[PDB]
Amino acid sequence: XXXXXXXXXXXXXXXXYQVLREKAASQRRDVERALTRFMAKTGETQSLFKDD
Amino acid sequence: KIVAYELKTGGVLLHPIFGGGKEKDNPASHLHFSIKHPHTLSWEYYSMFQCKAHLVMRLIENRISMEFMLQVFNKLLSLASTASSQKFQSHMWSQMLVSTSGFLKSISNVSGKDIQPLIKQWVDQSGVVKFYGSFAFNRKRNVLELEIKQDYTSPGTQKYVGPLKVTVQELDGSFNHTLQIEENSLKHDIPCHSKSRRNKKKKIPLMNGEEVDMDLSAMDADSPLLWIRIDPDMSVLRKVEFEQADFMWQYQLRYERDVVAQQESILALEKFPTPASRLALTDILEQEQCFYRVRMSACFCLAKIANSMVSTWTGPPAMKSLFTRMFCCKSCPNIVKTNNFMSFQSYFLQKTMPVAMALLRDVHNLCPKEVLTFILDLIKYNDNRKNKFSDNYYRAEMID
């Protein structure tokens, strides 16, 4: 079969349930902290310590 | 609110009485004037005024039929709406001032009972009554039979209320109710239960309807009693102090037909104990259809008692198993995440529980590290618009 016949490649299952929703929720946390850092250094800023 | 405020402060009194003629007659001048005036009082005072207003109308339920209350109020509003909406009957019009005296008169016209004692107790002696109804145990194979003493004295803010009655649950039997007296150095009996013996055979001789329960777990050699109560319908303004066997408290938490009883055994077992059976019965209470806020204070019971589990860490890191065994989204492989609403038992319960989990501390550095990281993970796994319910307060109490 290694020369004559052929096959088909789908190649991406990735269906690991808890791992999937870990990916999604971790990404949501990322976008949270990203926009936080952005408007953090963007707008009027007051701190918790001095100069953070 | 009422007990806390009138033990902070003096009474909240409902005068008919003046200090007319530049007279005071104000023991309740612990801060300020009240008699003729709105604008002396505190919002603490005015709030508790309304609260005593609720509960004294409950006492008027306690002496008089609700149907008669409908009768009274219909007569009130009949006379008022009659006296309204006319050509101003001259000199004959102020029937819409329907104040205390003639109202009382109309009550007694509907049913004249001894409610002027009710007045001079509660309307006209602004005092909260604690209760040292001291549990004794006769028919502990005792010659004397099912007896408990009545006791009270605690000044600063005290009051002595005598003739009332007492509500007791037997094993599987009668709601025993027993009179009270003044001159309160008293000893009293119970309308005795049967010889509840061979109770392996007497499994359920009709506890309360078709309720189903079996434990010989209590001190059941000679305990034909289950629960003490004075006035479960909460007649007298009360703060009741007594002691039972802890078995009886926990078994009341196995079931009772009063939220009153359930949260007060919640408080009584928040004080002292730590068996793991306490933890067990607590969790058992948390997992049924019983009540919402019962379970919230039950969470705080677990908080106190697992804080008493420092050297006695016998149970697990608590309540993680409760999020395990009560919460399956898609069987929840080790973490509960998504869309857990529309069942508002679970709404309040998920809203409450991780706070009491964040209380769980044992003295090394009080070390709730697993709980810490777990709660951070809870904050991770929040829902999209699949929840139609604005995932808001859940965030708020995870933050708290």
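Heads up: the structure comes first, above all this text.
Conventions and cut-offs
- Residues numbered from 1 in each chain as written, not as in the entry; some residues may be left out.
- Chains lettered and ligands numbered in written order.
- Part of a larger assembly, values for the part shown.
- Heavy atoms only, no water.
- Residues with missing side-chain atoms left out of burial classes, pairs and counts.
- Helix = DSSP H or I, 4+ residues; strand = E, 2+ residues; numbered from the N terminus.
- Buried < 20%, exposed > 50% of the residue type's maximum accessible area, 1.4 Å probe, protein only.
- Contact = heavy atoms within 4.5 Å.
- Areas by Shrake-Rupley, 256 points an atom, 1.4 Å probe, with all protein chains shown as cover.
- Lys, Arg positive; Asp, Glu negative; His and termini not counted.
- Charge placed at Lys NZ, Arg CZ, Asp CG, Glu CD.
- Patch = residues over 30% accessible without salt bridge, like charges linked within 9 Å, V, L, I, M, F, W, Y side chains within 5 Å.
- Salt bridge = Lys/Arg side-chain N within 4 Å of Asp/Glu carboxyl O.
- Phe/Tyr/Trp six-rings, centres within 6.5 Å; stacked < 30°, edge-to-face > 60°.
- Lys NZ or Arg CZ within 6 Å of the ring centre and 35° of its normal.
- Pairing = 2+ DSSP bridges.
- Axes fitted to C-alpha atoms, helices over the stretch in contact; angles between N-to-C directions.

## What about the overall build of chain B?
When you go through chain B residue by residue, the secondary structure sums to 13 helices and seven strands. Taken over the C-alpha atoms alone, chain B extends approximately 80 × 65 × 40 Å along its principal axes. Buried positions account for 38% of the 400 residues belonging to chain B. By sequence separation, contacts in chain B at least 24 residues apart represent 61% of the contacts at least 6 residues apart. Looking at chain B as shown, the accessible area adds up to about 24800 Å², and 58% of this sits on carbon and sulfur atoms. Charge separation in chain B, taken as the distance between the mean sites of 50 positive and 41 negative side-chain charges, equals 4 Å.

## Describing a positive patch on the surface
Residues and elements named next belong to chain A. A cluster of basic residues, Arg29, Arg33, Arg37 and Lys41, forms a positive patch at the surface. When you line up the elements, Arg37 lands in helix 1 (residues 17-42). Judged by its relative accessible area of 57%, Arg37 falls in the exposed class.

## Topic: the packing of aromatic side chains
Note on aromatic pairs: each is described by the distance of the centres and the angle between the planes. Residues and elements named next belong to chain B. Scanning the entire structure with this criterion turns up 18 aromatic pairs over all chains. Centre to centre, the rings of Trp227 and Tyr251 are 6.2 Å apart; their planes meet at 15°, and the pair counts as stacked. Separated by 24 residues along the polypeptide, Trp227 in strand 6 (residues 225-227) and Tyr251 in helix 6 (residues 246-252) bring together distant segments of the chain. Residue classification places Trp227 among the buried positions, given a relative accessible area of 6%. An aromatic cluster is defined as three or more aromatic residues linked by ring pairs; in this entry it consists of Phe291, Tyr292, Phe341, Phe344, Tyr347, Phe348, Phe389 and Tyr394. Of note, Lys36 hangs over the ring of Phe18, and the distance from its end group to the ring centre comes to 4.4 Å. Across the ring face of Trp122, the terminal group of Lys159 is positioned such that the distance to the ring centre comes to 3.9 Å.

## Structural notes on the sheet that holds strand 3 (residues 165-170) of chain B
Residue and element names in this part refer to chain B. Strand order in the open sheet made by the three strands is 4-3-6, with antiparallel pairing throughout. If you trace the sheet from one side to the other, it starts and ends with strand 4 (175-179) and strand 6, each paired once. Pairwise comparison of adjacent strand axes, ignoring direction, gives a mean angle of 45° for this sheet. Alignment of strand 3 against strand 6, held across two bridges, turns out to be antiparallel. Within the sheet, the bridge partner assigned to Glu170 lies in strand 6 and is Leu225.

## Notes on the pattern of salt bridges
Residue and element names in this part refer to chain B. If you walk through the whole model with that rule in mind, you get nine salt bridges over all chains. For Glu270, the salt bridge is made with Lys304, and the minimal N-O distance between the two is 3.3 Å. On the criterion of sequence distance, the pair formed by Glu270 in helix 7 (residues 259-271) and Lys304 in helix 9 (residues 293-307) is long-range, its members being 34 residues apart. With a relative accessible area of 11%, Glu270 lands in the buried category. Judged by its relative accessible area of 44%, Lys304 is partly exposed. One salt bridge connects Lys380 with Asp377, and the closest N-O pair in it is separated by 3.4 Å.

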